[PDB]
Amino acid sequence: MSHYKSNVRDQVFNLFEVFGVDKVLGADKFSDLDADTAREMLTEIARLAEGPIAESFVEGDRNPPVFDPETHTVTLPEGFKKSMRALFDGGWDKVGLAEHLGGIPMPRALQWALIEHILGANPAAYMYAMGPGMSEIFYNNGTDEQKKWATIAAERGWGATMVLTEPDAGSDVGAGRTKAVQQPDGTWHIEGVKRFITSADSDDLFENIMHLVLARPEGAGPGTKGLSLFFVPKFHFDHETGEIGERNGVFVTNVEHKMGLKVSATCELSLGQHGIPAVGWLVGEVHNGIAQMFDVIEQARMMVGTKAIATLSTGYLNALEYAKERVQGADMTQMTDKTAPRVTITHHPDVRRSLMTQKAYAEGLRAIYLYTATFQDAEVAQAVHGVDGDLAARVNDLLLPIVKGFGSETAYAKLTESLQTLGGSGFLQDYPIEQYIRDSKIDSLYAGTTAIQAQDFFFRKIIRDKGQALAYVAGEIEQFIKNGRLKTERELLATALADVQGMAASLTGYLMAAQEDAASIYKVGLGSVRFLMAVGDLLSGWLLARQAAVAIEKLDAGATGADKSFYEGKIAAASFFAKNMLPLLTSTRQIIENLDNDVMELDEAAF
């Protein structure tokens, strides 16, 4: 089969046996989608991923897109376009889309589980397919007139882009200088050069592309607050009929050559620089740009995290399958005997250490993003968590930089163990892991760098939140800890929780002391990422231990066969994660408790 190895079994286990998302299925908003249909949906997109979607994974990397300066367009390899047609023909770009736009209603937890398969098999395919979802965001933010245009864009499956970054403005979005000039007829002319725009052109995949463009109206103030969001289509079109008209002045001028994710066209995009204006329409006919744009950013951050987790999962399973077949060496209990029987490398302790490390972090990360997704629907959050809409939103916002930052960083690091498991053959393009590594390196960078995620997590999602979302999560961990076979795990989780509370308190002190000693805030920065990673480790450990508790109940009730093996691995992974990952948080707390500004006072020249 393909490079892509899916894990529907683990998804369903999470959705049903752990979090109880089936308990909203079949009723009210989900009245026409039951537990059986949901599972059949996941099996169906998994087969599509493993089949036609994954089939062009290698081709997209080896035969990447080409920019044509003679038409300012991009050409995509034929095999990949065939994969995109499979994705559209099955309607998959419209699941979790609102019903009035043609979508099938469902819990966000099920939606992201479905998308995992596309991100595992060929992640750029999903990125090119994000158009209808951005049309929906345009709808929810648009005037009534604009809501008709967005409906046309979704129904016709136009592509879309998120257009923020400029050469001098990436992390600092508010430094952007792309300009908006209001016209007598109420439209705007956008003038600027944007950089690194994913899917800014898409060959002939779609009949139009909606660029959602941040730009500074003439006379507006500085920073992100001065920005507005504009609907800037690639082609003008009839506002009632949708018929495609003349070309608008928004042109790709280059495509970047990248380490990976090569089949995703990453483009420099010029607005109003080629002799015709880039006409835009103020979204909502209100000036509220960064706020509107962050509806898009939040989705993109969820997607990047889920992508990284999807890639590690298929990386692990590839590594595992390889280890099961590769004969090399004697059993360590016979290491001195040179006539001893050769064994498969799963018999070797370092390999099992490596595989269990890969397994626990992949499964722990899947649990994290599905858990994050159970707070993205007010009604799921009520039904499975007992929390109201306001708390749910804050808990989701707390968890997003974890999915994104902890997910991106952990997936790329643990794929190293996946490649290591293949020995020298892991360094070959013949196997998919080296491409997994190159494709996933970008996950720590776009949709906001790990450092930006760590800062949002602490400053905005904890401090500004007054700790409500964090206090909720920590309280759920504490309950699990208070409650036999899982006593050691609970004791280790107790230590990890205290360690994370200690780190939170040290950083809070550094921040609060900045009122009387400005440079104190630097210690917050020095510690932020390690703190984010620690909370990620804590969540992984908790959720795996929760999985183990369910697995114990299921084995006690008589699980057999393949089910019994699955449950047994949950117990093993949870125990291994508690005994091998969690204790390091203690040293990390002590390190964060002793941070100082020596590294900040050093002359730049001494580096």
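Quick note: we count residues from 1 along the sequence shown, nothing fancier. Note that the rigid core is defined as the largest set of C-alphas that superpose within 1.5 Å between two forms.
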| query | finding |
| --- | --- |
| Positional deviation of Cα atoms in 7 other deposited structures of this protein after core superposition, greater for 210-218 or 67-75 | 67-75 |
| Greatest C-alpha divergence in 7 other deposited structures of this protein once each structure is fitted on the rigid core, 544-552 or 25-33 | 25-33 |
| Missing from the model but present in the deposited sequence, between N483 and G484 | 4 to 9 |
| Segment of higher mean CA temperature factor, 20-28 or 584-592 | 20-28 |
| Greater mean Cα temperature factor according to the PDB record, 305-313 or 174-182 | 174-182 |
| Given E145, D537, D201, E434, the residue at which the Cα B factor reaches its maximum | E145 |
| Top Cα B factor in the deposited entry, candidates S425, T357, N288, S444 | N288 |
| Third of the chain's Cα B-factor distribution that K94 belongs to, per the entry | highest |
| Position of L42 among the chain's modelled residues by C-alpha B-factor, lowest, middle or highest third | middle |
| Modelled-residue ranking by C-alpha temperature factor, third containing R62 | lowest |
| Third of chain Cα B-factors occupied by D439 | lowest |
| Third of chain Cα B-factors occupied by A578 | middle |
